[PDB]
Amino acid sequence: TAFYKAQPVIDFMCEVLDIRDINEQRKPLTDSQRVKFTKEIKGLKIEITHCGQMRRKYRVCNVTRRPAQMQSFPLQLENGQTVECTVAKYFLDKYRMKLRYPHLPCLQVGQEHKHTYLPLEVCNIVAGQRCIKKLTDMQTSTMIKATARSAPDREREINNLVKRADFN
């Protein structure tokens with residue numbers, strides 16, 4: 001709902017590794033440089049901004065050494081199955097995004113167990129005056145039993161274990 005910070009990773013890097021122009025780099029980051037930026041992030045809240053239509057928010061987790069041009073990641077398809085695509089190449093086909101920052105490394109972000117590999121842009125930084133909703137409400141009303149029609153659908157057939165009901 002509220003966010004008072006940003007500083008695109010492009011500026012942060014130029015500020016951490018001292019650079020004249022993020023476009024003049026044209027070189028892969030070395031171990032020293034890579035570890036530098038990685039140490040700064042880690043914990044910071046980064047949001048995705050690249051298509052300029054959906055945008056979202058995620059937390060940082062690590063940095064990939066492979067170049068974006070070859071960043072294979074887990075693309076999940078709502079069709080009913082997960083897929084494995086590559087970053088800095090797929091966007092060029094569907095989003096027509098030429099990246100312009102492949103030679104460099106990539107950013108790693110996952111809420112709890114995700115694997116979203118973003119390039120330089122897209123992964124923006126956030127850690128100023130942010131104020132969102134870290135909770136919600138789950139109360140259903142008019143719960144008058146179920147109607148005498150339709151039927152339950154397939155559910156996650158969890159194996160072993162059996163969940164835990166009640167508290168004590």
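The following paragraphs examine the structure supplied in this document. (Residues numbered from 1 in each chain as written, not as in the entry; some residues may be left out. Heavy atoms only, no water.)

**Observations regarding the overall build of the chain**
Let me state the cut-off plainly: Secondary structure is summarised from DSSP: a helix means a run of H or I of at least four residues, a strand means a run of E of at least two, and numbering begins at the N terminus for each. All radius of gyration figures rest on C-alpha atoms, and the globule criterion is 2.2 Å times the number of residues raised to 0.38. Note on exposure labels: buried denotes an accessible area under 20% of the residue type's maximum, exposed denotes more than 50%, and partly exposed covers the range between, all computed with a 1.4 Å probe on protein chains only. The Shrake-Rupley method, run with a 1.4 Å probe sphere, supplies the accessible areas, and residue values consider only the shown protein chains as cover.
Looking only at helices and strands, the chain features three helices and eight strands. Tracing the chain from N to C terminus, the helices and strands come up as α-α-β-β-β-β-β-α-β-β-β. The C-alpha radius of gyration computed for the chain amounts to 21 Å, which surpasses the reference 15 Å derived for 168 residues by more than 25%, pointing to a less compact arrangement than a globule. Judged by the C-alpha coordinates and their principal axes, the chain covers about 70 × 35 × 35 Å. For the chain, with 168 residues in total, the buried portion stands at 29%. A total accessible area of about 14,000 Å² is found for the chain, and carbon and sulfur atoms account for 48% of it.

**Thoughts on the side chain of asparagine 124**
Counted only if it meets this: The contact definition used throughout considers only heavy atoms, calling two residues in contact when any of these lie within 4.5 Å.
Examined against the element boundaries, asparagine 124 turns out to sit in strand β8 (residues 122–126). Its relative accessible area of 11% is what places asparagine 124 among the buried residues. Apart from residues no more than four positions distant in its own chain, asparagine 124 is found in contact with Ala6, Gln7, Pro8, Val9, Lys45, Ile46, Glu47 and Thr49.

**Some details on empty space enclosed by the protein**
Going by this rule: Space inside and on the surface of the protein is sampled on a 1 Å grid over the protein atoms alone, with a cavity defined as a set of points where a 1.4 Å probe fits but cannot get out and a pocket as an open set with protein on both sides within 12 Å along at least 5 of 7 lines; lining residues have an atom within 4 Å of a point. Grid points are joined across faces, edges and corners, and a volume is the space filled by probe spheres set on the points.
Evaluated as defined, the whole model comprises one cavity of 30 Å³ or more. In this structure, the largest cavity spans a volume of roughly 80 Å³. Lining the largest cavity are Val9, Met13, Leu29, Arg34, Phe37, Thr38, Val63, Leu104, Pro105, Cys106, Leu107 and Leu120. The element that contributes the greatest number of residues to the lining of the largest cavity is helix α2 (residues 31–40), accounting for three residues.

**What to know about the pairing of strand β6 (residues 106–109)**
Short version of the rule: Only strands joined by at least two bridges in the DSSP assignment are considered to pair.
Of the two faces of β6, both are covered, the one formed by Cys106 and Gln108 as well as the one formed by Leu107 and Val109. By the bridge criterion, three bridges tie strand β3 (residues 62–64) to β6 in an arrangement that is antiparallel. Bridge pairing links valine 63 to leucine 107 in β6. As paired strands, β6 and strand β7 (residues 116–118) are joined by three bridges and run antiparallel to one another. Counterpart to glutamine 108 in the pairing with β7 is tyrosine 117.

**Notes on the sheet that holds β6**
Definition in use: Orientation is described by lines fitted to C-alpha atoms, with helices fitted over the stretch in contact, and by angles between N-to-C directions that extend from 0 to 180 degrees.
What the three strands build is an open sheet, ordered β3-β6-β7; its pairing is antiparallel. The sheet is open, and its two borders are formed by β3 and β7, each paired with just one other strand. The average angle at which neighbouring strand axes cross in this sheet is 35°, direction not considered.

By themselves, these figures tell us nothing about what the structure is for.
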